[PDB]
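Residue numbers (the entry's author numbering), protein chains in the order written: chain F, 1 to 177; chain E, 1369 to 1642; chain D, 530 to 727.
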């Protein structure tokens, strides 16, 4: 019986915390109760034996780049995250998140994950991005980013649908396994 | 739906699933059990048309196993194993927390509208039984005000702290990672400050014209955070007993913010501590 | 045989539906299917079992099982049949257009079939040989309610239709079918059956 370290970072403009809580809550889609605290955890069976795990929820505010790294050491796996519908999130991750995460921990299995996949194909959202001159950036260039790092997996999920979300965590925990 | 058999049409059951079935895993498993496998999305209410319509409709969601009442244990300082047994088995009562918006949907705040319409579920028999599922014998719902909501959230957090404290208190060969988890989260209501949220919500006089007679609840919350304070104190000291150098900056932040909230509740919230 | 041929091809549907139920039975019993580039300790064999309800597929990375299908919860027990756009065959499979580590070579040009779902997820799978590749595609197209694309399917169509009409013409032995159908004799307008009905 053992536990697994698992960190998640990302800008505060995507609310990955909602994803994490809705997963751990086993919440019905669009039914999660937002708690007042961070750093969620769960006890998970996937294969062979069940394990514990704690999700290092890290706020993406740039100032906290001095407390985020102290959590990094001895991390089993880290989950880099973004918003599939935010080009600015892409600029952040390829420019700030991915680089400094790679520098702090160049040696750890890594998986990149999309968000608002439901909004990725949302006609109103994509037309708003176009009229605001942002791009509904799609999967293949996400795969290009993955191959750029060679992250052991790249995934795309959503909160209001939880699609592949369970899967997301499955390959996340099987990264060690 | 109506295609369901006589004993299934418009019937609600509770299933004692496997030890770690994620909700939709069991959902899919049931879908294997049943063709015309669709999901109504209004999880709470039934569908009056579907109360008679064909095309069997179902919906699934995890429920809360209401604790047992271990007899002759209600105040005994019993270990945890017995109660953890009693957390899952010999159960009939089941509640489901219902998010709701009731009030103004101000941007920075959600407790202007948080209302939890919990629904209790009482089944005829006790899980586990001869059958791994049972229809809910009697259904009833509840209500929770944002005052009340702050109440249960507050108290549940307090016990969760207590449970982690005791579980590490009896077993030393026990990972400190949960302590980092919990005490970090407690120290920073980071994405949103719950404490000041309660201050604006009820401690401010605005609520006390919204709830003038219902200020006997803000004092409840005041005593609740007052009783919080020593619980965080045990959290801090147990952290120190499990402290490490990586946790050391963490610990000093915890400690500084801990006396911060100490003096704040003492004077800023004005609450009287024990 | 012009009336014979028109009669034979004109009563088509029974053999068509017959063959396609045979196809869907074959899909349900199925076998261990084949992955992409399962070389470095990857289980190239893995069962893909259709539900007897014929709505969900029981599939995923199962072990190198020579026995084939094994009845249990596969890695993924759902393939959403209601939203499968199509299954691409040949160069339309993007996994063949892969030019990196997942390069499929030129001997799998006829074993490529990728099930379209989620509008971005695919199932680039391989068949042990052409006959069952066409068989599975036929079965899926039947799940699509469409035409069959197995040469063996046309073979069965022809042979069984020919047998069936062959075993019909025993009554017309030493008789001829007039190419122009025989005239319909006038039926008296009264239906006052002098003899009792039934």
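Beta carbons are placed, not taken as given, at the ideal position from N, Cα and C, and that holds for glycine.
Within-8 Å CB hit, residue i to chain F
i	result
residue 653 of chain D	no
residue 649 of chain D	yes
residue 1557 of chain E	yes
residue 1617 of chain E	yes
residue 1421 of chain E	no
residue 1614 of chain E	yes
residue 1478 of chain E	yes
Cβ pair residue i, residue j closer than 8 Å
i	j	result
residue 575 of chain D	residue 559 of chain D	no
residue 156 of chain F	residue 79 of chain F	no
residue 544 of chain D	residue 694 of chain D	no
residue 617 of chain D	residue 643 of chain D	yes
residue 624 of chain D	residue 669 of chain D	no
residue 585 of chain D	residue 1572 of chain E	no
residue 1502 of chain E	residue 1457 of chain E	no
residue 1565 of chain E	residue 1479 of chain E	yes
residue 1553 of chain E	residue 39 of chain F	yes
residue 1356 of chain E	residue 1589 of chain E	Residue coverage of chain E in this structure runs from 1369 to 1642, which leaves residue 1356 of chain E outside it and unanswerable.
residue 129 of chain F	residue 136 of chain F	yes
residue 158 of chain F	residue 116 of chain F	yes
residue 49 of chain F	residue 1392 of chain E	no
residue 682 of chain D	residue 667 of chain D	yes
residue 608 of chain D	residue 646 of chain D	yes
residue 638 of chain D	residue 655 of chain D	no
residue 68 of chain F	residue 58 of chain F	yes
residue 6 of chain F	residue 76 of chain F	yes
residue 603 of chain D	residue 583 of chain D	no
residue 664 of chain D	residue 552 of chain D	yes
Rounded distance between the beta-carbons of residue j and residue i, thought under 8 Å
i	j	result
residue 170 of chain F	residue 46 of chain F	6 Å
residue 54 of chain F	residue 1549 of chain E	5 Å
residue 1435 of chain E	residue 1463 of chain E	No, residue 1435 of chain E and residue 1463 of chain E are not in contact; Cβ-Cβ is about 11 Å, not under 8 Å.
residue 64 of chain F	residue 105 of chain F	Not a contact, Cβ separation roughly 16 Å.
residue 598 of chain D	residue 568 of chain D	Contact doesn't hold; Cβ gap of about 23 Å is too wide.
residue 172 of chain F	residue 112 of chain F	About 11 Å separates the two Cβ atoms, so there is no contact after all.
residue 1619 of chain E	residue 1608 of chain E	6 Å
residue 1504 of chain E	residue 1606 of chain E	So it is not a contact: roughly 40 Å between Cβ atoms.
Inter-residue spacing [alpha-carbon to alpha-carbon] between residue i and residue j
i	j	result
residue 1438 of chain E	residue 161 of chain F	39 Å
residue 1527 of chain E	residue 674 of chain D	58 Å
residue 176 of chain F	residue 592 of chain D	20 Å
residue 705 of chain D	residue 711 of chain D	11 Å
residue 1634 of chain E	residue 1524 of chain E	22 Å
residue 1442 of chain E	residue 43 of chain F	28 Å
residue 1513 of chain E	residue 580 of chain D	47 Å
residue 1642 of chain E	residue 1395 of chain E	49 Å
residue 1547 of chain E	residue 4 of chain F	14 Å
residue 28 of chain F	residue 678 of chain D	42 Å
residue 1582 of chain E	residue 1576 of chain E	7 Å
residue 1518 of chain E	residue 626 of chain D	57 Å
residue 686 of chain D	residue 121 of chain F	43 Å
residue 20 of chain F	residue 658 of chain D	44 Å
residue 33 of chain F	residue 1629 of chain E	25 Å
residue 110 of chain F	residue 1636 of chain E	45 Å
Cβ of residue i within 8 Å of any chain E Cβ
i	result
residue 585 of chain D	yes
residue 582 of chain D	yes
residue 612 of chain D	no
residue 44 of chain F	yes
residue 606 of chain D	yes
residue 107 of chain F	no
residue 36 of chain F	yes
residue 92 of chain F	no
residue 89 of chain F	no
residue 166 of chain F	yes
Proximity test, Cβ basis, 8 Å: residue i and chain D
i	result
residue 139 of chain F	yes
residue 1396 of chain E	yes
residue 1650 of chain E	As displayed, chain E neither begins before 1369 nor continues past 1642, which places residue 1650 of chain E out of reach and without an answer.
residue 1490 of chain E	no
residue 1409 of chain E	no
Q. Does the pairing of the segment 1421 to 1430 of chain E with the segment 1371 to 1382 of chain E give three or more beta-carbon distances under 8 Å?
A. Touching, yes, given that three or more Cβ pairs across the two stretches are closer than 8 Å.
Q: Decide yes or no for the touch test of the segment 1622 to 1630 of chain E against the segment 625 to 641 of chain D: beta carbon pairs closer than 8 Å, at least 3 of them.
A: Verdict: no, contact absent.
Q. So does the segment 1468 to 1483 of chain E actually touch the segment 1446 to 1459 of chain E, counting three or more Cβ pairs closer than 8 Å?
A. Segments in contact, no.
Q.
Taking 8 Å as the cut-off, does the segment 87 to 99 of chain F touch the segment 137 to 157 of chain F (at least 3 CB pairs, one atom from each stretch)?
A. Output reads yes: the segment 87 to 99 of chain F touches the segment 137 to 157 of chain F.
Q: Give a yes or no on contact between the segment 1480 to 1495 of chain E and the segment 1503 to 1511 of chain E, applying the rule of three or more CB pairs nearer than 8 Å.
A: The segment 1480 to 1495 of chain E is in contact with the segment 1503 to 1511 of chain E.
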